[PDB]
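Engineer: Next input, structure requested:
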Amino acid sequence: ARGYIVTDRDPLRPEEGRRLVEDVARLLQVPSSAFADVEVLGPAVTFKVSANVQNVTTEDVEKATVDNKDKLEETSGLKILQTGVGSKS
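Structural biologist: Numbering: from 1, shown residues only. Next up is the structure itself:
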């Protein structure tokens, strides 16, 4: 299951997307090493959460981003415009 966060930065630079992911990881007390395959596509950063000691999943990541959007925006200096989880065709 791939998670994503769409921002108001475009193109969102690989480093900015990485810092945003480490921001959310800090909120969940998971190491950023639990975030695999981190990518930026256009305005979005996407990532997979691998099995970790906090039992945190991709949905937990989504929920934590929603629940802390304001803190995350102030931390990161950008706007979060959508969060969710991807689907395969």
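Engineer: can you pull the alpha-carbon coordinates of the helix ranked longest in the chain into PDB?
Structural biologist: Ranked by number of residues, the top helix in the chain under DSSP state H is helix 14-28. Below are the C-alpha coordinates for helix 14-28, written out as PDB (Å, rounded to 0.1, in the frame of the first residue of the first chain):
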ATOM      1  CA  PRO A  14      13.300  15.300  -3.400                       C
ATOM      2  CA  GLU A  15      14.800  16.800  -0.200                       C
ATOM      3  CA  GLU A  16      11.600  18.800   0.700                       C
ATOM      4  CA  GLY A  17       9.600  15.600   0.300                       C
ATOM      5  CA  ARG A  18      12.100  13.700   2.500                       C
ATOM      6  CA  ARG A  19      12.000  16.400   5.300                       C
ATOM      7  CA  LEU A  20       8.100  16.200   5.200                       C
ATOM      8  CA  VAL A  21       8.200  12.400   5.600                       C
ATOM      9  CA  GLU A  22      10.700  12.700   8.500                       C
ATOM     10  CA  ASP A  23       8.300  15.300  10.100                       C
ATOM     11  CA  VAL A  24       5.500  12.800  10.100                       C
ATOM     12  CA  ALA A  25       7.800  10.000  11.300                       C
ATOM     13  CA  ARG A  26       8.800  12.100  14.300                       C
ATOM     14  CA  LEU A  27       5.100  12.600  15.200                       C
ATOM     15  CA  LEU A  28       4.600   8.900  15.100                       C
END
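Engineer: Tell me which other helices or strands it touches.
Structural biologist: Secondary-structure packing of helix 14-28 (3 or more CB pairs under 8 Å, 6 or more residues apart in numbering; DSSP states H and E): strand 3-7, strand 35-41, strand 44-49, helix 58-67, helix 69-76. No exception for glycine: its C-beta is placed from N, CA and C like everyone else's.
Engineer: Residue 76 versus the spatially most central residue of the chain, what's the distance?
Structural biologist: For the chain, residue 21 is the residue whose C-alpha lies nearest the centre (CA atoms, centre = their mean; 4.3 Å). Going from residue 21 to residue 76 by CB to CB, to the nearest Å gives 10 Å.
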